[PDB]
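This document contains two forms of one protein chain, each encoded as structure tokens and listed individually as structure 1 and structure 2.
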Structure 1
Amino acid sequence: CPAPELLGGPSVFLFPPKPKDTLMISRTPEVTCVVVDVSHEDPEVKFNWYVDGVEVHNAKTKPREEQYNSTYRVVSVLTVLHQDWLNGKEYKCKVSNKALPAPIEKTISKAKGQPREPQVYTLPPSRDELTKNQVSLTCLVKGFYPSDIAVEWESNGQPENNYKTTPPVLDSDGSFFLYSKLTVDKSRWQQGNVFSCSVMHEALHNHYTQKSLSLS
């Protein structure tokens, strides 16, 4: 592709860590500063990172990546402390590039407002679905805040991956809810296996709760 004009120079998008990563200490939460519309001619990006206004120096610098539209995408990843993020510290990425008149600064932190504990409810298949060869196990998660949350499924100590989960939906009291749907072969349900919806959120005890569901 012939290079675009890029009159405005590059643009910056700053992304939060995955909810699960901030919640499990064995995991590594990262903030990601992405810079796009970097031109072939002025391709160098300089990153400065600040946590609550104090500079830090541990950022990792990724190799630029050629895009189809003949620009670079250029990224810096900063690993964060679990408690800093959850405590509402502000992460600032500052981006400097020759095509720009001044640096671009973007900041990100956890949504503000009183955290609220999710209620987790498992719902078995409809009598009506039981004529299909696969059935839907439903996990309803409601009344949470912030919207950052992770949901997985398990059975007999093993992960169950055949699931889809809706985005958080703002409910009418200012909290969020979502549904996760695990599809399993009916025979597995008929055998009496126990399936479990696992939910991770900052306002749950140990950041973790699990609700189970089986043939009754």
Structure 2
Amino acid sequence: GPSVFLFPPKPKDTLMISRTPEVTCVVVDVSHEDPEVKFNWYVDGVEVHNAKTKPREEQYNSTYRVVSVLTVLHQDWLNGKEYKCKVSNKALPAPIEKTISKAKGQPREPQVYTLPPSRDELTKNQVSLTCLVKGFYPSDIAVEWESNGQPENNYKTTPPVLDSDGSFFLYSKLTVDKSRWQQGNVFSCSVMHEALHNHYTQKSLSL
């Protein structure tokens, strides 16, 4: 019967001592006939006992959805430990095991480049300030914009794209009124990633 899907923590959660990163083991197609779901968890094959199973939930195709959440240590995740969720159930001929970790391999530091609007774009009422972030690994990253000790929120960031050397790049675009740019205001692209000192860097971009 059942199917298991196992999900990683969010990039920022693994990078900030403040946040709590979780791995989540989701089970679907739990039948009303066989509702008792058991989870065992292992960190590098070592069984651990701190996961938290949430109460079951009725789905609308007559099956239950049962979730187990395991909180992980930042340094454990970042050092590449493997988290295995093993799901046991009367409906199965064998337990179902899923394993997840941070993407494997040597982390690489983002290079961050800010690019002013094109002269062609300066004919519009709003312009694009571009932040190119390239050469990073793994793809988990978070990008933001600020100006004058203030956060700018009118930006959108592409997903990471796999580049030809196996690292990733993305672009983040901040849209601003042209006049804010022409006055010489300074804007900055902020990036958080494993491979940066203090997990953090910024580059400025002004006229």
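FYI, numbering is relative to structure 1, first residue = 1. Heads up, when I say rigid core I mean the largest set of C-alphas that superpose within 1.5 Å between the two forms.
Split into two rigid parts for the change between structures 1 and 2, the chain puts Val56 and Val74 in the same part.
Remark: the rigid domain rotation between structures 1 and 2, smaller part against larger, is 12°, computed from C-alpha superpositions. Once the core is aligned between structures 1 and 2, the alpha carbon position of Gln191 differs by 6.3 Å; this is the C-alpha shift at that site. Relative displacement of the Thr122 Cα between structures 1 and 2 on rigid core alignment is 2.8 Å. For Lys112, the CA shift between structures 1 and 2 after superposing the rigid core equals 1.1 Å.
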